[PDB]
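What follows is a short report on a single structure.
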Amino acid sequence: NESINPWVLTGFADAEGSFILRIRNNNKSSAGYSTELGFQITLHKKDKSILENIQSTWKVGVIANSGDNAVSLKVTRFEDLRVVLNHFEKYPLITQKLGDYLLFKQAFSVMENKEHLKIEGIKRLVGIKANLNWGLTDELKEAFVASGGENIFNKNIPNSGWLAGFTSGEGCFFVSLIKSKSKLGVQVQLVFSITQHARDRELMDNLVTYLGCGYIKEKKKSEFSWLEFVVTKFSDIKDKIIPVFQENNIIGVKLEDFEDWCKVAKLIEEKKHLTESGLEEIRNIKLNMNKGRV
DNA sequence: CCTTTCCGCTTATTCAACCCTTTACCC
DNA sequence: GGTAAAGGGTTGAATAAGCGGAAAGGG
Ligand SMILES: [Ca+2]
Ligand SMILES: [Ca+2]
Ligand SMILES: [Ca+2]
């Protein structure tokens with residue numbers, strides 16, 4: 001039932017997964033607190049099939065709706081988390097997300113030895129939790145810090161499978177219609193982009209060297225910023241990008257976008273993009289891609 | 001007989017996707 | 001001259017991350 005290649009899956013989890021450690025007030029727990037350790041993926045419902053492919057490839061995880069437009073795969077059963085760990089030991093993450101996995105592995109150790117059933121263990125997990133994802137809430141920071149006391153306190157791209165997973169999460173295949181001082185008054189520019197927060201700047205640099213093309217753009221929106229890896233030089237698209245994903249396939253609905261983008265690349269290589277009829281065929285393809293897909 | 005697990009649901013922002021202007025390159 | 005490539009910029013929602021409530025097997 002191995003619907004998804006394991007490196008593709010590590011790639012897609014580096015893009016979209018999340019490692020969760022909850023420490024909850026519990027009046028009924030001997031220690032005063034209960035714990036939940038989890039791995040999870042939340043996607044738009046149009047990509048349910050990916051989650052079902054993960055779930056059947058791993059044989060763990062519960063699929064459920066998450067709001068009107070999204071679906072989750074959550075793994076919380078403790079012995080099933082051993083499947084998740086074994087996967088990530090064999091096919092390791094490479095983004096900053098690996099730091100969340102490493103903390104996740106440490107909590108798991110605590111919990112395996114049952115120490116989380118004692119206030120000692122809970123405090124160990126609070127320390128683990130403080131650097132994991134968004135850290136401790138105020139209620140929890142406050143419950144475990146006293147007046148006068150102290151406060152609670154990157155790998156290379158392995159292969160194209162990992163890059164196919166990751167792109168299926170964060171990639172964009174875009175046809176750009178540029179107003180131009182050319183005969184037709186429009187230039188067709190193919191754009192491949194991968195977008196990521198600058199905490200992963202070094203991954204972005206590795207994309208340029210791994211693929212042999214492209215460049216990084218610094219993007220800004222008020223107080224928030226991020227990066228894009230971008231490729232538009234047509235010979236690199238044709239000779240580096242397209243063939244890579246033709247061998248190592250994009251998963252989900254994005255596959256249909258990559259198939260359309262490739263159809264435009266064909267028109268471009270035949271020069272039909274410099275014709276009025278070739279142009280209107282590109283327009284029709286573009287409008288039913290991405291946001292415009294029905 | 002406490003503790004694990006599931007379930008429905010919510011929130012902030014890092015993503016994806018989008019467009020326009022300028023410069024570089026080469027039958 | 002005419003096309004390709006790169007520079008320069010935006011937006012809204014699909015992600016990430018994680019809440020509260022409760023089912024259920026268990027002395
Ligand atoms: Ca991501
Ligand atoms: Ca995505
Ligand atoms: Ca994403």
Side-chain angles (χ1 to χ4, degrees), chain A residues 13 15-47 61-72 74-81 97 100 111 114 116-117 129 132-135 137 167-178 180 182 184-200 213-237 252-254 257 268 271 273-274 286 289-293:
Chain A
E16 313 291 13
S18 201
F19 294 98
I20 312 299
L21 166 61
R22 301 172 76 191
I23 301 159
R24 301 172 69 168
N25 287 338
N26 200 315
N27 64 69
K28 285 215 173 44
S29 290
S30 305
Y33 290 89
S34 63
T35 71
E36 193 174 349
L37 197 55
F39 175 70
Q40 71 188 57
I41 303 165
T42 295
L43 297 177
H44 187 117
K45 60 182 185 210
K46 74 179 72 172
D47 282 303
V62 164
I63 295 184
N65 298 339
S66 166
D68 280 339
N69 286 302
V71 297
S72 68
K74 290 177 181 187
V75 189
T76 65
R77 277 187 61 88
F78 185 79
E79 291 307 316
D80 293 355
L81 288 182
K97 192 72 65 49
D100 303 284
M111 294 174 61
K114 308 299 200 177
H116 69 292
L117 296 183
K129 181 171 177 63
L132 172 69
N133 304 338
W134 295 340
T137 168
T167 299
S168 292
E170 322 283 50
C172 189
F173 302 101
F174 186 60
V175 187
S176 192
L177 296 178
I178 284 151
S180 189
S182 81
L184 255 23
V186 179
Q187 185 210 338
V188 186
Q189 198 171 31
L190 287 186
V191 192
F192 168 71
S193 82
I194 287 165
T195 300
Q196 198 78 356
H197 190 99
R199 69 184 206 143
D200 280 309
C213 57
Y215 54 90
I216 300 305
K217 304 177 94 182
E218 304 258 29
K219 288 262 177 256
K220 205 172 83 172
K221 177 176 93 169
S222 290
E223 52 272 17
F224 308 98
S225 41
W226 65 97
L227 314 161
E228 266 165 24
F229 168 77
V230 174
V231 186
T232 77
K233 184 159 177 176
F234 183 68
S235 63
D236 298 323
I237 284 178
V253 163
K254 205 175 297 284
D257 298 314
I268 291 161
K271 311 280 175 197
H273 68 292
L274 305 179
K286 166 188 167 52
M289 277 176 78
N290 300 342
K291 232 71 173 301
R293 190 166 295 278

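Labels below follow one simple rule: chain letters A, B, ... track the order of the sequence lines, proteins then strands, and each chain is numbered from 1. No hydrogens, no waters, no symmetry mates; every other heavy atom, side chains included, goes into these values.
Judged by the sign of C1'-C2'-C3'-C4', B/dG8 carries a south-puckered sugar. Judged by the sign of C1'-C2'-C3'-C4', the sugar at B/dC15 is south, the angle being negative. Sugar pucker of B/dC18: north, as indicated by a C1'-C2'-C3'-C4' torsion of positive sign.
Nearest heavy atoms, A/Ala15 versus A/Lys97: O-NZ, 4.1 Å. In terms of heavy atoms, A/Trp226 sits closest to A/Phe224 at CZ3-O, 4.0 Å.
Here C/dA4 presents its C1' atom at 15 Å from CG of A/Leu184, a figure rounded to the nearest Å. Atom CZ in A/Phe39 sits roughly 12 Å away from atom P in C/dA16 (whole-Å rounding). Between A/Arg24 atom CZ and C/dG21 atom P the separation is 8 Å, expressed in whole Å. For the pair A/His197 NE2 and C/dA14 P, the computed distance is 22 Å after rounding to whole Å. For the pair A/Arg77 CZ and C/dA24 P, the interatomic distance rounds to 15 Å; values are reported in whole Å. Atom CG of A/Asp68 is separated from atom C1' of C/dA14 by 14 Å (rounded to the nearest Å). For A/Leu274 and B/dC27, the CG to P distance is 14 Å, given to the nearest whole Å. Summarising the geometry, the separation between CD on A/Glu16 and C1' on C/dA13 is reported as 13 Å, rounded to the nearest angstrom.
For B/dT3, neither phosphate oxygen OP1 nor OP2 lies less than 4.0 angstrom from any side-chain nitrogen or oxygen of A/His116. For B/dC19, the OP1/OP2 oxygens have a side-chain nitrogen or oxygen of A/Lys286 closer than 4.0 Å. Distances shorter than 4.0 Å separate none of the side-chain N or O atoms of A/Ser30 from OP1 or OP2 on B/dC2. Within the structure, every side-chain polar atom (N or O) of A/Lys97 is placed at least 4.0 Å from both OP1 and OP2 of C/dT15. In this structure, A/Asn65 does not reach the B/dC7 phosphate: none of its side-chain N or O atoms is under 4.0 Å from OP1 or OP2. The side chain of A/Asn290 contributes an N or O atom lying less than 4.0 Å from OP1 or OP2 of B/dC18. For A/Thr76, a side-chain nitrogen or oxygen approaches OP1 or OP2 of B/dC6 to under 4.0 Å. Listed pair A/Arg22 / C/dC19 meets the phosphate criterion, a side-chain N or O lying under 4.0 Å from OP1 or OP2. Taking 4.0 angstrom as the limit, A/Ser18 places a side-chain polar atom (N or O) nearer than this to OP1 or OP2 of C/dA17. The side chain of A/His273 places no N or O atom within less than 4.0 Å of a non-bridging phosphate oxygen (OP1 or OP2) of C/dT3.
Separating the CD atom in A/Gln189 from the CD1 atom in A/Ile237 is a distance of 8.0 Å, to the nearest 0.5 Å. A distance of 13.0 Å separates CG in A/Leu43 from CG in A/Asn69, rounded to the nearest 0.5 Å.
Residue A/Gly171 is classed as a sugar-phosphate contact, given heavy-atom separations below 4.0 Å to backbone atoms only. No contact: A/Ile41 has no heavy atom under 4.0 Å from any strand. Backbone-only contact: A/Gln196 has heavy atoms under 4.0 Å from sugar-phosphate atoms and none from a base.
Remark: C/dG26 base-pairs with no nucleotide in the shown strands. Criterion, Watson-Crick or G-U wobble with two distances under 3.5 Å.
Across C/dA5, C/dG8, C/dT11, the shortest atom-to-atom separation from the side chain of A/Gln187 is found for C/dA5. Nearest to the side-chain atoms of A/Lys221 among the listed nucleotides C/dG9, C/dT11, B/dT4 stands C/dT11. The A/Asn69 side chain lies nearest to C/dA14 when the options are B/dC9, C/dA14, C/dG18. Side-chain proximity of A/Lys74 to C/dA4, C/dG18, B/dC15: nearest is C/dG18.
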Handout entry: Derivation and outcome, side-chain contact (heavy atoms from CB on, under 4.5 Å), residues A/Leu117 and A/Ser30
Key = CA-CA 7 Å; A/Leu117 296 183; A/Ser30 305; over 6 Å; no
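Between A/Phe229 and A/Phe192, the ring-plane angle classifies as perpendicular under the 30° and 60° cut-offs.
Groove contacts of A/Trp134 are confined to the minor groove, judged by side-chain heavy atoms lying under 5.0 Å from groove-edge base atoms.
The number of heavy-atom neighbours closer than 6.0 Å to NZ of A/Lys286, taken from other residues, nucleotides and ligands shown, is above 12.
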